[PDB]
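What follows is the content of run-v4.cif (mmCIF, N, CA and C atoms).
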```
data_final
#
loop_
_atom_site.label_atom_id
_atom_site.label_comp_id
_atom_site.auth_asym_id
_atom_site.auth_seq_id
_atom_site.Cartn_x
_atom_site.Cartn_y
_atom_site.Cartn_z
N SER U 145 118.31 116.93 105.02
CA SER U 145 117.98 117.81 103.91
C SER U 145 117.91 116.77 102.82
N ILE U 146 116.82 116.74 102.07
CA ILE U 146 116.71 115.86 100.94
C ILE U 146 117.79 116.37 99.94
N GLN U 147 118.19 117.66 99.99
CA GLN U 147 119.06 118.25 98.98
C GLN U 147 120.36 117.58 98.81
N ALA U 148 120.85 117.14 99.97
CA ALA U 148 122.13 116.45 100.06
C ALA U 148 122.11 114.95 99.81
N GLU U 149 120.89 114.37 99.62
CA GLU U 149 120.71 112.95 99.37
C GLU U 149 121.24 112.63 97.99
N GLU U 150 121.98 111.65 97.90
CA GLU U 150 122.82 111.01 96.88
C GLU U 150 121.93 110.49 95.74
N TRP U 151 120.72 110.10 96.11
CA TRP U 151 119.75 109.58 95.13
C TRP U 151 118.78 110.67 94.67
N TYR U 152 118.87 111.82 95.29
CA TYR U 152 117.99 112.96 94.95
C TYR U 152 118.66 113.88 93.94
N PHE U 153 117.97 114.16 92.75
CA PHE U 153 118.49 114.97 91.71
C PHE U 153 117.79 116.29 91.44
N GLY U 154 116.99 116.70 92.41
CA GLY U 154 116.37 118.01 92.43
C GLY U 154 115.49 118.28 91.23
N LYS U 155 115.81 119.37 90.58
CA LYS U 155 115.05 119.85 89.42
C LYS U 155 115.48 119.44 88.01
N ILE U 156 116.30 118.41 87.80
CA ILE U 156 116.63 117.97 86.47
C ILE U 156 115.38 117.61 85.66
N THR U 157 115.47 117.76 84.32
CA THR U 157 114.27 117.56 83.53
C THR U 157 114.04 116.06 83.37
N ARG U 158 112.91 115.73 82.75
CA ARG U 158 112.50 114.39 82.43
C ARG U 158 113.56 113.87 81.47
N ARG U 159 113.98 114.66 80.47
CA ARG U 159 114.94 114.26 79.46
C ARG U 159 116.33 114.11 80.12
N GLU U 160 116.73 114.99 81.03
CA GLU U 160 118.00 114.81 81.72
C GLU U 160 118.10 113.56 82.56
N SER U 161 117.00 113.18 83.23
CA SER U 161 116.99 111.98 84.02
C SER U 161 117.22 110.80 83.11
N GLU U 162 116.56 110.73 81.97
CA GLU U 162 116.72 109.59 81.10
C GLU U 162 118.12 109.42 80.57
N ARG U 163 118.78 110.55 80.29
CA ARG U 163 120.14 110.68 79.79
C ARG U 163 121.06 110.08 80.81
N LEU U 164 120.79 110.38 82.07
CA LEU U 164 121.62 109.87 83.12
C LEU U 164 121.45 108.38 83.31
N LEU U 165 120.20 107.94 83.28
CA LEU U 165 119.97 106.53 83.52
C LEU U 165 120.25 105.60 82.35
N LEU U 166 120.15 106.03 81.09
CA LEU U 166 120.30 105.13 79.95
C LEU U 166 121.75 104.97 79.62
N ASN U 167 122.38 104.06 80.32
CA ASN U 167 123.79 103.90 80.12
C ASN U 167 124.17 102.50 80.49
N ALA U 168 125.02 101.92 79.67
CA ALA U 168 125.55 100.60 79.82
C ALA U 168 126.02 100.30 81.24
N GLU U 169 126.62 101.28 81.89
CA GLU U 169 127.19 101.09 83.22
C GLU U 169 126.19 100.85 84.36
N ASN U 170 124.89 101.06 84.08
CA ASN U 170 123.82 100.98 85.06
C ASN U 170 122.98 99.74 85.09
N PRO U 171 122.94 99.07 86.26
CA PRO U 171 122.15 97.86 86.52
C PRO U 171 120.66 98.12 86.22
N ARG U 172 119.83 97.08 86.05
CA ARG U 172 118.43 97.34 85.85
C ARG U 172 118.03 97.76 87.25
N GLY U 173 117.28 98.83 87.48
CA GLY U 173 116.97 99.20 88.85
C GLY U 173 117.89 100.28 89.36
N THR U 174 118.66 100.92 88.50
CA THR U 174 119.44 102.09 88.86
C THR U 174 118.36 103.17 88.93
N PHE U 175 118.35 104.14 89.86
CA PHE U 175 117.19 105.00 89.95
C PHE U 175 117.62 106.34 90.49
N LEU U 176 116.69 107.31 90.48
CA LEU U 176 116.92 108.60 91.11
C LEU U 176 115.56 109.14 91.52
N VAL U 177 115.45 110.10 92.42
CA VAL U 177 114.20 110.79 92.74
C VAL U 177 114.40 112.26 92.35
N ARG U 178 113.43 112.85 91.67
CA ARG U 178 113.53 114.23 91.28
C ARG U 178 112.21 114.91 91.52
N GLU U 179 112.16 116.22 91.46
CA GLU U 179 110.90 116.95 91.43
C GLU U 179 110.28 116.71 90.07
N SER U 180 108.95 116.73 90.07
CA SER U 180 108.17 116.57 88.88
C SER U 180 108.20 117.89 88.14
N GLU U 181 108.51 117.91 86.83
CA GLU U 181 108.49 119.15 86.04
C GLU U 181 107.11 119.72 85.73
N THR U 182 106.22 118.78 85.53
CA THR U 182 104.92 119.03 85.04
C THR U 182 103.94 119.16 86.18
N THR U 183 104.06 118.38 87.25
CA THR U 183 103.08 118.36 88.33
C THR U 183 103.78 119.11 89.47
N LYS U 184 103.36 120.33 89.81
CA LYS U 184 103.94 121.08 90.93
C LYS U 184 103.52 120.41 92.24
N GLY U 185 104.46 120.36 93.16
CA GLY U 185 104.20 119.58 94.36
C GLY U 185 104.44 118.06 94.19
N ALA U 186 104.80 117.49 93.02
CA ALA U 186 105.01 116.05 92.98
C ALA U 186 106.46 115.72 92.80
N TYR U 187 106.76 114.44 92.98
CA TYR U 187 108.09 113.92 92.75
C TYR U 187 108.05 112.86 91.69
N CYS U 188 109.16 112.23 91.42
CA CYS U 188 109.21 111.22 90.43
C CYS U 188 110.37 110.32 90.75
N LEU U 189 110.06 109.02 90.74
CA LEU U 189 111.01 107.95 90.87
C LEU U 189 111.35 107.50 89.45
N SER U 190 112.57 107.66 88.93
CA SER U 190 112.99 107.27 87.60
C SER U 190 113.91 106.06 87.69
N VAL U 191 113.55 104.95 87.06
CA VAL U 191 114.23 103.67 87.19
C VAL U 191 114.63 103.19 85.80
N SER U 192 115.92 102.75 85.66
CA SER U 192 116.40 102.19 84.39
C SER U 192 115.89 100.73 84.31
N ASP U 193 115.55 100.32 83.11
CA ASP U 193 115.05 98.99 82.90
C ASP U 193 115.73 98.42 81.67
N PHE U 194 115.46 97.18 81.32
CA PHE U 194 115.97 96.60 80.09
C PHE U 194 115.10 95.41 79.68
N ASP U 195 114.73 95.31 78.41
CA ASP U 195 114.02 94.16 77.89
C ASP U 195 114.76 93.92 76.59
N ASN U 196 115.10 92.67 76.24
CA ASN U 196 115.86 92.33 75.02
C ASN U 196 115.42 92.91 73.66
N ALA U 197 114.16 93.34 73.56
CA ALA U 197 113.54 93.92 72.37
C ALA U 197 113.65 95.44 72.24
N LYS U 198 113.59 96.19 73.35
CA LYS U 198 113.72 97.64 73.31
C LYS U 198 115.08 98.09 73.86
N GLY U 199 115.80 97.17 74.53
CA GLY U 199 117.07 97.45 75.17
C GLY U 199 116.84 98.15 76.49
N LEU U 200 117.69 99.12 76.82
CA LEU U 200 117.66 99.86 78.08
C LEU U 200 116.55 100.86 77.91
N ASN U 201 115.59 100.98 78.81
CA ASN U 201 114.50 101.95 78.71
C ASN U 201 114.29 102.55 80.10
N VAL U 202 113.64 103.66 80.35
CA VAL U 202 113.42 104.21 81.70
C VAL U 202 111.88 104.24 81.90
N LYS U 203 111.43 103.98 83.12
CA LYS U 203 110.03 103.99 83.54
C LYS U 203 109.95 105.11 84.59
N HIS U 204 108.92 105.94 84.63
CA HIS U 204 108.87 107.03 85.59
C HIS U 204 107.63 106.79 86.45
N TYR U 205 107.68 106.93 87.75
CA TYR U 205 106.57 106.67 88.64
C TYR U 205 106.27 107.97 89.39
N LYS U 206 105.14 108.65 89.20
CA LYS U 206 104.90 109.86 89.94
C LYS U 206 104.83 109.61 91.44
N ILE U 207 105.42 110.40 92.33
CA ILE U 207 105.27 110.20 93.77
C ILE U 207 104.38 111.35 94.28
N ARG U 208 103.24 111.04 94.92
CA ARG U 208 102.41 112.11 95.39
C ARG U 208 102.60 112.21 96.88
N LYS U 209 102.48 113.48 97.27
CA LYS U 209 102.65 113.96 98.61
C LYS U 209 101.31 113.95 99.28
N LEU U 210 101.06 113.27 100.38
CA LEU U 210 99.76 113.44 101.00
C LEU U 210 99.82 114.78 101.73
N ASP U 211 98.72 115.50 101.84
CA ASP U 211 98.66 116.75 102.60
C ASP U 211 98.91 116.51 104.07
N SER U 212 98.49 115.35 104.50
CA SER U 212 98.74 114.99 105.87
C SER U 212 100.24 114.65 106.14
N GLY U 213 101.11 114.64 105.09
CA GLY U 213 102.55 114.44 105.21
C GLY U 213 103.22 113.33 104.36
N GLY U 214 102.63 112.15 104.20
CA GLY U 214 103.26 111.05 103.50
C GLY U 214 103.50 111.19 102.01
N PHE U 215 103.93 110.06 101.46
CA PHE U 215 104.30 109.87 100.07
C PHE U 215 103.70 108.61 99.55
N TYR U 216 103.24 108.54 98.30
CA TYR U 216 102.77 107.22 97.79
C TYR U 216 102.98 107.07 96.30
N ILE U 217 103.23 105.84 95.87
CA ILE U 217 103.21 105.51 94.45
C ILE U 217 101.90 104.72 94.29
N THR U 218 101.49 103.74 95.13
CA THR U 218 100.25 102.96 95.05
C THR U 218 99.43 103.03 96.37
N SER U 219 98.21 102.47 96.39
CA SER U 219 97.34 102.46 97.58
C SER U 219 97.70 101.37 98.57
N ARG U 220 98.72 100.65 98.16
CA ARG U 220 99.23 99.51 98.87
C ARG U 220 100.07 99.91 100.04
N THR U 221 100.98 100.84 99.90
CA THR U 221 101.82 101.19 101.01
C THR U 221 101.93 102.69 100.82
N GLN U 222 102.17 103.41 101.90
CA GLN U 222 102.35 104.87 101.93
C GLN U 222 103.51 105.10 102.92
N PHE U 223 104.25 106.20 102.91
CA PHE U 223 105.44 106.35 103.72
C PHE U 223 105.55 107.78 104.23
N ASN U 224 106.32 107.97 105.30
CA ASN U 224 106.47 109.25 105.98
C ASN U 224 107.52 110.14 105.39
N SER U 225 108.32 109.63 104.44
CA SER U 225 109.34 110.44 103.82
C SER U 225 109.79 109.75 102.55
N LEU U 226 110.56 110.41 101.69
CA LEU U 226 111.08 109.81 100.46
C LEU U 226 112.19 108.80 100.79
N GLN U 227 112.86 109.00 101.91
CA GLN U 227 113.90 108.12 102.36
C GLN U 227 113.35 106.75 102.73
N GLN U 228 112.16 106.72 103.35
CA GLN U 228 111.52 105.48 103.75
C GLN U 228 110.99 104.82 102.47
N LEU U 229 110.50 105.62 101.54
CA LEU U 229 110.04 105.08 100.25
C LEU U 229 111.24 104.43 99.46
N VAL U 230 112.40 105.11 99.36
CA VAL U 230 113.57 104.65 98.62
C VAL U 230 114.02 103.31 99.24
N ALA U 231 113.94 103.27 100.55
CA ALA U 231 114.30 102.08 101.28
C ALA U 231 113.34 100.91 101.04
N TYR U 232 112.01 101.08 101.12
CA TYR U 232 111.12 99.94 100.92
C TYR U 232 111.20 99.24 99.57
N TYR U 233 111.21 100.07 98.55
CA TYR U 233 111.20 99.63 97.17
C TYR U 233 112.54 99.07 96.81
N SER U 234 113.60 99.33 97.59
CA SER U 234 114.86 98.64 97.42
C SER U 234 114.72 97.20 97.92
N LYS U 235 113.80 96.94 98.85
CA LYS U 235 113.63 95.58 99.29
C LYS U 235 112.53 94.88 98.53
N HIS U 236 111.53 95.58 97.99
CA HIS U 236 110.46 94.91 97.31
C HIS U 236 110.01 95.81 96.22
N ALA U 237 109.87 95.25 95.02
CA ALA U 237 109.44 96.05 93.88
C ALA U 237 107.98 96.48 93.90
N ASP U 238 107.13 95.62 94.47
CA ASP U 238 105.70 95.80 94.65
C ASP U 238 104.96 96.50 93.57
N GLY U 239 105.16 96.12 92.29
CA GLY U 239 104.50 96.82 91.18
C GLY U 239 105.50 97.50 90.26
N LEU U 240 106.60 98.03 90.79
CA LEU U 240 107.60 98.72 89.97
C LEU U 240 108.28 97.71 89.09
N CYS U 241 108.81 98.14 87.96
CA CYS U 241 109.45 97.28 87.00
C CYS U 241 110.59 96.38 87.51
N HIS U 242 111.32 96.83 88.53
CA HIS U 242 112.45 96.15 89.10
C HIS U 242 112.50 96.80 90.47
N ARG U 243 113.02 96.03 91.39
CA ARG U 243 113.43 96.44 92.74
C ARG U 243 114.43 97.61 92.56
N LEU U 244 114.62 98.57 93.46
CA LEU U 244 115.59 99.63 93.25
C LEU U 244 116.89 98.95 93.62
N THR U 245 117.87 98.93 92.73
CA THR U 245 119.15 98.34 93.03
C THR U 245 120.35 99.28 93.28
N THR U 246 120.61 100.14 92.30
CA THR U 246 121.73 101.05 92.25
C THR U 246 121.25 102.51 92.32
N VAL U 247 121.92 103.44 93.04
CA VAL U 247 121.55 104.85 93.00
C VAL U 247 122.13 105.35 91.68
N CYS U 248 121.48 106.25 90.95
CA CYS U 248 122.09 106.80 89.76
C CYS U 248 123.33 107.56 90.25
N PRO U 249 124.43 107.49 89.49
CA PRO U 249 125.71 108.15 89.80
C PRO U 249 125.85 109.66 89.59
#
```
Encoded form using structure tokens:
Amino acid sequence: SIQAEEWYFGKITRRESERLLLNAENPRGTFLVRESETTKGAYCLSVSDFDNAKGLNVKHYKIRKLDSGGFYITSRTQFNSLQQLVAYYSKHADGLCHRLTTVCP
């Protein structure tokens, strides 16, 4: 059940995700997956970032569901579930601002 996944935050808003991620205690690459508020049927990978000029900031990556079943952020790689996606991007950033490091708490 994705519901029980530790990195999955269900229906929290865009503003709630940022609130959770923008915190001193979180590594760059702390992240969560949520349903998209605005795009029905989509997801969103929310990742904390930091640059010395803006400080801690969050980047949001829409995750689209292929009708045939998969998930994608880019045309580069596609995956059979959000779990396989969370796992790949933890090993390689491939375009994302930072590799996924920490699950949001």
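Taking CA of residue 214 (chain U) as the reference point, CA of residue 160 (chain U) is found at 26.6 Å.
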Would you list the contacts of residue 208 (chain U) as an mmCIF file with N, CA and C atoms, keeping the file's coordinate frame, taking every protein, DNA or RNA residue within 7 Å and counting all atoms listed in the file, but skipping same-chain residues closer than 5 positions in sequence?
```cif
data_model
loop_
_atom_site.group_PDB
_atom_site.id
_atom_site.type_symbol
_atom_site.label_atom_id
_atom_site.label_comp_id
_atom_site.auth_asym_id
_atom_site.auth_seq_id
_atom_site.Cartn_x
_atom_site.Cartn_y
_atom_site.Cartn_z
ATOM 1 N N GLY U 185 104.460 120.360 93.160
ATOM 2 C CA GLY U 185 104.200 119.580 94.360
ATOM 3 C C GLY U 185 104.440 118.060 94.190
ATOM 4 N N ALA U 186 104.800 117.490 93.020
ATOM 5 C CA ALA U 186 105.010 116.050 92.980
ATOM 6 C C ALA U 186 106.460 115.720 92.800
ATOM 7 N N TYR U 187 106.760 114.440 92.980
ATOM 8 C CA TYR U 187 108.090 113.920 92.750
ATOM 9 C C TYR U 187 108.050 112.860 91.690
ATOM 10 N N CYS U 188 109.160 112.230 91.420
ATOM 11 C CA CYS U 188 109.210 111.220 90.430
ATOM 12 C C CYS U 188 110.370 110.320 90.750
ATOM 13 N N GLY U 214 102.630 112.150 104.200
ATOM 14 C CA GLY U 214 103.260 111.050 103.500
ATOM 15 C C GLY U 214 103.500 111.190 102.010
ATOM 16 N N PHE U 215 103.930 110.060 101.460
ATOM 17 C CA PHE U 215 104.300 109.870 100.070
ATOM 18 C C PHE U 215 103.700 108.610 99.550
ATOM 19 N N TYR U 216 103.240 108.540 98.300
ATOM 20 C CA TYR U 216 102.770 107.220 97.790
ATOM 21 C C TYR U 216 102.980 107.070 96.300
ATOM 22 N N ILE U 217 103.230 105.840 95.870
ATOM 23 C CA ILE U 217 103.210 105.510 94.450
ATOM 24 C C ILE U 217 101.900 104.720 94.290
#
```
On this file, the PyMOL selection byres ((chain U and resi 243) around 8) gives some set of residues; write that set as a ChimeraX atom specification. /U:172-174,232-242,244-246
Here's the selection I'm unsure about, the PyMOL selection byres ((chain U and resi 150-158) around 7); applied to the file above, which residues does it give, as an MDAnalysis selection string? chainID U and resid 146:149 159:163 175:181 247:248
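Relative to atom C of residue 249 (chain U), atom C of residue 225 (chain U) is found at 20.6 Å.
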Mind checking DSSP for chain U and telling me the strand (DSSP E or B) residues as a PyMOL selection string? chain U and resi 152+174-179+187-195+199-209+215-216+223+246-247
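The coordinates place atom N of residue 218 (chain U) at 11.8 Å from atom N of residue 230 (chain U).
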Spatial sel., origin (121.8, 95.8, 82.2), limit 7 Å, only N, CA and C atoms, listed as a short mmCIF file (atom, residue, chain, number, x, y, z; two decimals) with N, CA and C atoms, keeping the file's coordinate frame:
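Result written to selection.cif:
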```
data_model
loop_
_atom_site.label_atom_id
_atom_site.label_comp_id
_atom_site.auth_asym_id
_atom_site.auth_seq_id
_atom_site.Cartn_x
_atom_site.Cartn_y
_atom_site.Cartn_z
N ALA U 168 125.02 101.92 79.67
CA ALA U 168 125.55 100.60 79.82
C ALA U 168 126.02 100.30 81.24
N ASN U 170 124.89 101.06 84.08
CA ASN U 170 123.82 100.98 85.06
C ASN U 170 122.98 99.74 85.09
N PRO U 171 122.94 99.07 86.26
CA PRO U 171 122.15 97.86 86.52
C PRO U 171 120.66 98.12 86.22
N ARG U 172 119.83 97.08 86.05
CA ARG U 172 118.43 97.34 85.85
C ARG U 172 118.03 97.76 87.25
N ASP U 193 115.55 100.32 83.11
CA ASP U 193 115.05 98.99 82.90
C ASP U 193 115.73 98.42 81.67
N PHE U 194 115.46 97.18 81.32
CA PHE U 194 115.97 96.60 80.09
C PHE U 194 115.10 95.41 79.68
#
```
DSSP helix (DSSP H, G or I) residues within chain U, listed as a PyMOL selection string: chain U and resi 146-148+158-165+226-235
